[PDB]
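Take a look at the letters that make up each chain.
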Amino acid sequence: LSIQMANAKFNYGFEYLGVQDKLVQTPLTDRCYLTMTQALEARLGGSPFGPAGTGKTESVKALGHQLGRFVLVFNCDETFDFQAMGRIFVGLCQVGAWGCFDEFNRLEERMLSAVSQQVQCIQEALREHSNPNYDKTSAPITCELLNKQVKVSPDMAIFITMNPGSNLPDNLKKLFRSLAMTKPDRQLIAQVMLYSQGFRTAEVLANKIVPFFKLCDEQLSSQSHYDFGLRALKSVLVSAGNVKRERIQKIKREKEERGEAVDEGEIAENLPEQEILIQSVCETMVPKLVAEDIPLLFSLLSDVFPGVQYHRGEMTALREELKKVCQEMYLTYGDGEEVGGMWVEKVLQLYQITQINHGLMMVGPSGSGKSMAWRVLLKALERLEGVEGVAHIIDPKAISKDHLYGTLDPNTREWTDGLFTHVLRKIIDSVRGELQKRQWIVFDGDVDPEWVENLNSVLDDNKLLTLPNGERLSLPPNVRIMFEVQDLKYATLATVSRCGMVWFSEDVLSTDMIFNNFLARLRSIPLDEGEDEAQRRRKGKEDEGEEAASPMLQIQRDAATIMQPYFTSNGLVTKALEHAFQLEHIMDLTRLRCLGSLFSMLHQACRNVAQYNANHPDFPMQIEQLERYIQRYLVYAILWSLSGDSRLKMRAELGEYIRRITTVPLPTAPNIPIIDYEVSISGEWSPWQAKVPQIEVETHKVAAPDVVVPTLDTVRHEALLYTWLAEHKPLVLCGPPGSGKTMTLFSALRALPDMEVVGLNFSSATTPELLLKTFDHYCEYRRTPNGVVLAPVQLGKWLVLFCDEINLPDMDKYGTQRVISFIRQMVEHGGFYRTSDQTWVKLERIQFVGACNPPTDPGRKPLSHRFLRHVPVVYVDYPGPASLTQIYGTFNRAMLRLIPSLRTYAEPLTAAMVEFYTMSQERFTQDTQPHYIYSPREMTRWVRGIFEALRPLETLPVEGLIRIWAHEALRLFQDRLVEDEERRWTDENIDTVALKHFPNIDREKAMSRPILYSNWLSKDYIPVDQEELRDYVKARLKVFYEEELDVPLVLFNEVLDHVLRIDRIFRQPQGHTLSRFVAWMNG
Ligand SMILES: Nc1ncnc2c1ncn2[C@@H]1O[C@H](COP(=O)(O)OP(=O)(O)NP(=O)(O)O)[C@@H](O)[C@H]1O
Ligand SMILES: Nc1ncnc2c1ncn2[C@@H]1O[C@H](COP(=O)(O)OP(=O)(O)OP(=O)(O)O)[C@@H](O)[C@H]1O
Ligand SMILES: Nc1ncnc2c1ncn2[C@@H]1O[C@H](COP(=O)(O)OP(=O)(O)O)[C@@H](O)[C@H]1O
Ligand SMILES: [Mg+2]
C-alpha cells in the first residue's frame, strides 16, 4: 500500500494499532495533513502550534496512524524521563517511528536546549537524505546520538507541538515547518460524531450544541473542575448516543412484552433527539455545577434549545429507600422543591456517578451534607439491592504518604503494606467474602498532588495500583474510591479529569434541615444513655413501648416542644444567625459551628433540668418553670454561640438586636450587657456577679497562684467550658496575648474531678507524632470484640489534651495543617488508624481543648473550616477595669500582709495600678509601634515588682509604697516608649494618678523626679542617689575593663539607667555590651 497526497508519497508500515480514536477529517485536519506531509516530503519537521486542546498532538497521531507508522507521544509536564529520551530517540531512528512532543514550550530551559540539540542533529541527518546527488545504493546515513553513530531510517520523523504564549528554538527554526492550529472547527466534528451515533438530525444539533458550550464557558463563573472543551463535548455526544440507544431498547422491550412486531428504524424515527442530547448534557454537567451557575446553565440551555426541558428520571424505589433511611437517621427528606429537595437530588446524582465512574469526588464547602449524603446512599442501597455496604474512611493528609501506600525497606528487602494498600489487599483476598460485599474507600480530607500520584493509575481506566515492591493490584469492580474535599484549590487537573464529581454547594443544606435534625435527635436519643444503648437504636425500627426510655427523654421532649416556635424557618434562631453573620469575628464564622455550639448548650440546658429533677425528687420541674427556663436559656445560648467569638461591643450589639426581635423577657437593668446575666435553674435571670466569690490569697503565692482569682470573665467561661465538655466537643479559646486563656482553662479543667489534664504546647514543627507519643505515654491500646480501643490507663478518668497554641502548626505547601486534620478525624470519626499495624482504633475517653491567639497575629494561621465546624470558639477579651480591680485587689491585699501598717492603702493602691494601666492602654497602641502592647501580664509584673521590693523590708511608710509604685510604673511602661514626649506624658500621668488616689501625701518627699532603686550600695533594695550609683558602676566598669573585655566603655546619663533596668529585671522572678556587663556584675 502506497498513500499519496500532492507531492508526498509514503508507504504504509503495517503496524497493529488496535482500536485507536478516529479524528473527524475537518478542514483544519486536512490542512494539517497537507502541510505535515509536505514537510515530510521535504524531510523537514512538523510544528503544529496553537492554544491548548486544539487537536494538535492527536492530529499528528492521526496522520501517523493513517500511514501505519508507530507514533510515540512524549508529555512535557513534570513527567519527562530524560534518561530514556536519548535511548528513545535512538529507537525512533532505528526502528522507524514517529515522535510527538505535546507542548514542547513547557520544558525548562536546560531541558529545552538539550532536547533541541538532539532533535537538531536528527533533523539534519534526515535532511541529508533530500539531496539528489546522494545515491542511496551506498548511503549509510548516521547521526551523533549518545556518542554513537546511529543509523537513521527514512520513514522516521519528529513533530514538536507548541503552545504560543512562544516560538521554536533558534536551533530548529530553520528546520521545522510551522502550522497554526488556532481554532478547530467544532461544528463539523459534532455533526460527524452525532451522525456516527445514528441521530437523524445532526446538523441542527451540532450547530446548537457547539455554541452552547462556548456560551457556558464565557457566561459561567470560572471554576477549575469545569471543562467545556472538545473532549467534554465528544464525551457528551457519546453519552447522548448511549441514551438514544437505551431509549430504542426500552421501547422495543416494552412492545416485546406486549404483543407487537419490532423494527428498529420505525422506533428510532419517532423520537426527540433534542431531548436525548439535553438529557445527556444535563446528566454530565449539572452534578458538577455550583448552585450559582445551575440557573444560568438552564437559562443558556433554554436559549440555545428553545422549548425543550429536562425532566429528571424518576427512581421511585431508591427514593423510597432514601426516605426510610433518612427517617431512620433523623434526616429530612423531600421530593424536590421542598425542604431538602436539593440534597435528595444530590444523593441521586451521587448514585448515578458511582454507577458510571469507578472514581468520584464530593467538592462542597464545609457543612453541605456530602458525608451524610454518601452514608445515606450506602445504607439505602443496602436495603435496595441486598448487598452489604462497607466504608473505609481515610484522612490521607493525616497519615504520611509512605505509611499510606507502604514503603519498600531500602535494605534487607521486605514489604510493609500501607493503609490504603492493606485495604485493597484485604478486599482482593476476600477472606470474609469481601468480593460479595460492596466497599467504598472514602478519602475524607484535603486532596494534594503528592499523595494521589499512585492513585492516578487506579482512578484511570487501567484500574491498577502499581507499588515499588513490583506488585500490581487490580481494583475489583466492587471497590469505589470516593473523595470528600472542601475545595480543589491544590488538585492537579489530571486527578480531576479521571474522577466524576458532585459539587455540594452550601445552599444544599438549609438551616431548616439542620434544625429538624437537631429536634428529631432530641426527641429520640436519650441524652444520658450514651453509647451502650446506641446499638439498641437499630434493634427497633420504631422502638414501640420505649417512649419513656428514661426521664431524660421525656424532659428533653418537653424542652423540644418548648423550643419549636423559635427554630422555625423565620424564628428567633434564624434571624439571630443572619445578623450574626454580618458581625466580624476573629475566626471565620461557619453556619454549622454556630449551630453545633447552640445545640450543645441546649443539651446542657435539658441536662440541668434533669439535675434539678434529681435534686427535687418529691416535686420535679413543672412545665411553666421549664417553659421560662428554656425560653431564657435559648436567648442565653444564642448569644454565647453566635457572639461568643466577638468583642464585648458586638456581643452587646447582638443582644440589642435580640431584644428588638425576641418575645422572651430580658433583664431590666439599663447599663449591663445581656451576656453578663445567667439563667438560673428557676426561669428568672440572675447576674453572674453574684456567683463570683471574693477570696484572699496567701503572701507566699501572690503573683503566681495557678488558681485563677475568680473574676466575672472566669465565672462565665468555666461554665461554658463545662457545657461544652459534657458533650465532649473540642473547645477552643482565642484572644489577645496575656488575656488569661491558659490559666482559666487549666483551673477549669483541674477543678473537675474526673479530668486528667495533659499539657501540650503546639508549635510550627508539631505533627501527628506528638499526639501519638502523648497517647503512648498516658493511654494504651486494648483489643476488644468490637475492635481496638485506645483508653487512658487510669480507669474512670476522662483524659483531656490541652493544645496550648492550636493555630501555630505550620501549613504544608498546600494549605493544610497535618495535626489539625489528625485531630479533626479523631473528633469527627471518634478514632484514627494505627499506621504500624494499619488498623482502626477508637478513642474511648480522650478529649481535646485548645487555646489560641487570633489568626491575624504573625506566627498564627487560620484553622480549617472542616475543623472549625466541630469546635466552639470563645473570645477572651482583656478583663477590663472592674475585673482587673478585683483580680489585683486580691493580690495587693495579699502583698501588703507583709507590712501591717499599710493594709488600709491596699485598695487605694490597686485602683491606681488599674487606672494608669488603662490610661496607657488607651494612649499607646500597636499602630504607633509594634511593641506598645499592654495586658494583665504587666499588672502581675507590677505586683511582683512591688512584692520583691517589699519582701525584705520590715516596714515602710505610705510614701515609700507610693515611690516603689511609681518606680515600677516607670520601669514597666516608660522604658518601652520610643518618643520623648510620650515619656514626658508618662512622667506627668504617674504623678497625676498618684496624687489623685493619695491626697494629703506630699509629692516632694513621696516622688522626687530622679527615682532610682538599687541593691549594690546597701544590703536592702532601697532608694539611692545618682552620684553614689555612678561611682559604684564606674568602679565596677573599670574592673570589667581588665577582666573580660579590654575596651573602654564610657558611662553617660542614658546608659546608667539601662544598667539599673537590666539589674532590676535580673532580680525579678521570671524576669525576661551592657547585657554582658550587668550579667558579670550581678554574677
Ligand atoms: N482572672 C485572673 N486572675 C488572675 N490573673 C489573671 C486573670 N486573668 C488574667 N490574669 C493574668 O494574665 C496573665 C496571662 O495569663 P496566662 O493564661 O498564663 O497567659 P495566656 O492567657 O496563655 N496568654 P497566651 O498563652 O500567650 O495566649 C497572667 O500573669 C495572669 O496572672
Ligand atoms: N439530609 C439532611 N437532613 C437534615 N440534616 C442534615 C442532612 N444532612 C446533613 N444534615 C446535618 O448537617 C450536618 C453536616 O452533614 P455532613 O457531616 O455530611 O457535612 P459535611 O459537609 O461533610 O461537613 P464537613 O465539612 O464537616 O465534612 C450533619 O451532621 C447533620 O447535622
Ligand atoms: N479534528 C478532530 N477530530 C476529532 N476530534 C478532535 C479533533 N481535534 C481535536 N479533537 C479532540 O480534542 C481533544 C484535543 O486534545 P489533544 O489533541 O490531545 O491535545 P491538544 O489539542 O491540546 O494538542 C482530543 O480529545 C481530541 O479527541
Ligand atoms: Mg464530610
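Residues numbered from 1 in each chain as written, not as in the entry; some residues may be left out. Chains lettered and ligands numbered in written order. Heavy atoms only, no water.

Method of determination, as given in the entry header: cryo-EM; reported resolution: 3.41 Å.

> Help me understand the overall build of the protein in this model?
A tally of regular secondary structure across the protein gives 38 helices and 29 strands. Total accessible area on the protein is roughly 51700 Å²; 50% of this is exposed by carbon and sulfur atoms. The average position of the 120 basic charges and that of the 143 acidic charges among the side chains of the protein differ by 3 Å. (Helix = DSSP H or I, 4+ residues; strand = E, 2+ residues; numbered from the N terminus. Areas by Shrake-Rupley, 256 points an atom, 1.4 Å probe, with all protein chains shown as cover. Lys, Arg positive; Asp, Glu negative; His and termini not counted. Charge placed at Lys NZ, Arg CZ, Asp CG, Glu CD.)

> Would you mind showing me how to read the pairing of strand β12 (residues 438-444) here?
It is a general feature of regular strands that their side chains alternate between the two faces of the sheet. Counted residue by residue, β12 has seven buried out of seven residues, so it is predominantly covered. Residues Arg438, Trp440, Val442 and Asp444 point to one face of β12 and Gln439, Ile441 and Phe443 to the other, with burial holding for every one of them. With six bridges connecting them, β12 and strand β15 (residues 479-484) associate as parallel partners. Residue pairing for β15: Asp444 is matched across the bridge by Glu484. (Buried < 20%, exposed > 50% of the residue type's maximum accessible area, 1.4 Å probe, protein only. Pairing = 2+ DSSP bridges.)

> How should the site of ligand 3 be read in this particular structure?
Near ligand 3, the surroundings consist of 16 residues, among which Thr29, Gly53, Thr54, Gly55 and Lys234 are the closest. Between ligand 3 and the protein, one listed contact pairs an oxygen atom with a backbone N or O atom of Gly55 at 2.5 Å. Residue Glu58 places a side-chain N or O atom 3.2 Å away from an oxygen atom belonging to ligand 3. Contact with the protein chains hides 86% of the accessible area of ligand 3, taken as 560 Å² for the molecule alone. If you list the elements that add at least two residues to the shell around ligand 3, you get α2 (56-66) and α7 (230-257). Classifying every residue of the shell around ligand 3 gives five nonpolar, six polar and five charged. (Near = heavy atom within 4 Å. Polar contact = N/O pair within 3.5 Å; in protein donor to acceptor, adjacent residues only side chain to side chain. Nonpolar A, V, L, I, M, F, W, Y, C, P; charged D, E, K, R; others polar.)

> Sorry, what's going on with the site of ligand 1 here?
Lining the immediate environment of ligand 1, one finds 17 residues, of which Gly740, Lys741, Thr742, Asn853 and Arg937 sit closest. The contact in question runs from an oxygen atom of ligand 1 to an N or O atom on the backbone of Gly740, over 2.8 Å. A distance of 3.0 Å is found between an oxygen atom of ligand 1 and a backbone nitrogen or oxygen belonging to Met743. Bound to the protein, ligand 1 loses 88% of the 630 Å² it would expose on its own. If you list the elements that add at least two residues to the shell around ligand 1, you get α26 (741-751), α30 (880-895) and α32 (936-950). For the shell around ligand 1, the residue count by class is seven nonpolar, eight polar and two charged.

> Teacher, can you tell me more about a negative patch on the surface here?
Among the surface-exposed residues, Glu979, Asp980, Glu981 and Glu1054 lie close enough to one another that they form a single negatively charged patch. Mapped onto the secondary structure, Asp980 falls in helix α34 (residues 980-997). The exposed category is assigned to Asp980, whose relative accessible area is 58%. (Patch = residues over 30% accessible without salt bridge, like charges linked within 9 Å, V, L, I, M, F, W, Y side chains within 5 Å. Salt bridge = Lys/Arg side-chain N within 4 Å of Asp/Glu carboxyl O.)

> Would you mind going over the coordination of the magnesium ion (ligand 4) with me for this structure?
Where a metal carries four tetrahedral donors, each ideal angle is 109.5 degrees; where it carries six octahedral donors, the ideal angles are 90 or 180 degrees. The protein atoms that coordinate the magnesium ion (ligand 4) are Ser371 (OG), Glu484 (OE) and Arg866 (NH2), at distances of 1.9 to 2.6 Å. Counting along the primary sequence, the residues that act as donors to the magnesium ion (ligand 4) give the motif S-x112-E-x381-R. Of this pair, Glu484 sits in strand β15 while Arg866 sits in helix α29 (residues 865-868); the two residues are 382 residues apart in sequence, bridging distant segments of the chain. Assessed through its relative accessible area of 0%, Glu484 is described here as buried. (Donors = N, O, S within 2.8 Å, 3.2 Å for Na, K, Ca; no water.)

> I keep staring at the environment of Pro879 and nothing clicks. Help me out?
Mapped onto the elements, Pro879 comes out in the loop between β27 (873-875) and α30. Note: C-alpha distance between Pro879 and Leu712 (167 residues apart in sequence) is 8.3 Å. Non-local contacts of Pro879, meaning those with residues more than four positions away in its chain, are made with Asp713, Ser739, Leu884, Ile887 and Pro936. (Contact = heavy atoms within 4.5 Å.)

> When you look at the sheet that holds strand β16 (residues 500-502) in this model, what are you seeing that I'm missing?
The strand order β11-β12-β15-β10-β16 describes an open sheet built from five strands, whose pairing is parallel. At either end of the open sheet lies a strand with only one pairing partner, and these are β11 (389-394) and β16. Direction aside, neighbouring strands of the sheet carry axes that sit 25 degrees apart on average. Bridging between β11 and β12 involves six bridges; their strand directions are parallel. Residue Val390 lies in a different strand from β12, and its bridge partner there is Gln439. Contacts from helix α12 (residues 341-356) reach β10 (359-362), β12, β15 and β16, with the element oriented near 175 degrees to β16. Along the sheet face, helix α13 (residues 370-385) touches β10, β11, β12 and β15 and points at about 180 degrees away from the line of β12. (Axes fitted to C-alpha atoms, helices over the stretch in contact; angles between N-to-C directions.)

> Can you help me understand the pattern of salt bridges in this one?
Within this structure, the stated rule accounts for 42 salt bridges. When the shortest N-O distance is used, the salt bridge between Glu546 and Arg537 registers 3.1 Å. In terms of burial, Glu546 and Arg537 fall into one category: buried. Between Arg628 and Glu624 there is a salt bridge, with the nearest N and O atoms lying 3.6 Å from each other. Here the residue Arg628 and the residue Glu624 both occupy positions in helix α23 (residues 623-642), the gap between them amounting to four residues, near one helical turn.

> Looking at this structure, how should I read the state of the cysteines?
Linking two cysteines covalently via their sulfur atoms produces the bond known as a disulfide. Within this structure, the stated rule accounts for zero disulfides. Note on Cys32: no disulfide assigned, nearest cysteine sulfur contributed by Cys100 at a separation of 9.7 Å. In this structure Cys32 comes out as buried when scored by relative accessible area, which is 0%. For the unlinked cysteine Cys779, the closest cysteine sulfur is that of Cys803, found at 12 Å. You can call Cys779 buried: its relative accessible area is 4%. (Disulfide = S-S within 2.5 Å.)

> Just checking my understanding: could you explain the sheet that holds strand β25 (residues 839-843) for this structure?
Strand-to-strand pairing in sheets goes through backbone hydrogen bonds, with the strands running parallel or antiparallel. Sheet architecture is open: four strands sit in the order β21-β22-β25-β24, paired in mixed fashion. A strand with exactly one partner marks an edge of an open sheet, and here the two such strands are β21 (779-783) and β24 (831-834). Averaged over neighbouring strand pairs, the angle between their axes works out to 35 degrees when direction is ignored. One ladder, built from five bridges, connects β21 with strand β22 (residues 788-792); its direction is antiparallel. Following the sheet pairing, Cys779 is matched in β22 by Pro792. Strands in contact with helix α27 (residues 768-778) are β21, β22 and β24; relative to β21, the strand with the most contacts, it is inclined by about 75 degrees. Contacts from helix α28 (residues 818-829) reach β24 and β25 within the one sheet, and its direction differs from that of β24 by about 120 degrees.

> Can you help me understand the packing of helix α31 (residues 906-923) against helix α33 (residues 958-974) in this one?
How two helices pack is summed up by the angle between their axes together with the distance between the axes. The interhelical angle for the contact between α31 and α33, taken along N-to-C directions, is 25 degrees, at an axis separation of 12 Å. With respect to α33, the axis of α31 lies roughly parallel. Here α31 runs over α33; the crossing is right-handed. Contacts between α31 and α33 pair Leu909, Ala912, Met913, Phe916, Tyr917 and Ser920 from the former with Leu961, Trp965 and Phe973 from the latter. Class assignment of the residues belonging to the contact of α31 with α33 gives a composition of eight nonpolar, one polar and no charged. (Parallel < 35°, antiparallel > 145°, perpendicular 65-115°, else oblique. Left-handed = near helix turned anticlockwise from the far one by under 90°.)

> So what exactly am I meant to see when it comes to empty space enclosed by the protein here?
Gaps left between atoms are located by rolling a probe of water-molecule size over the structure's atoms. As a volume, the largest cavity reaches approximately 60 Å³. Lining the largest cavity we find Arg593, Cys594, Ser597, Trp640, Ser641, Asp645, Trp724, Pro872 and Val873. Looking at the lining of the largest cavity, the elements with two or more residues in it are α22 (591-615) and α23. Among the elements that make up the lining of the largest cavity, the one with the highest residue count is α22 (three residues). (1 Å grid on protein atoms, 1.4 Å probe; cavity = no way out; pocket = protein on both sides within 12 Å on 5 of 7 lines; lining within 4 Å. Points joined across faces, edges and corners; volume = space filled by probe spheres on them.)

> What exactly am I supposed to notice about the side chain of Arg591 here?
Along the chain, the position of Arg591 falls in helix α22. In this structure, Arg591 is buried with no salt-bridge partner, the nearest side chain bearing the opposite charge being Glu506 at 4.0 Å. A polar side-chain atom of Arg591 sits 3.2 Å from the main-chain carbonyl oxygen of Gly367. At a separation of 3.5 Å, a polar atom in the side chain of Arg591 contacts the main-chain carbonyl oxygen of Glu506. Beyond its immediate chain neighbours, meaning those up to four positions away, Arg591 contacts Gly367, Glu506, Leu509, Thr511, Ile514, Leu577 and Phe581.

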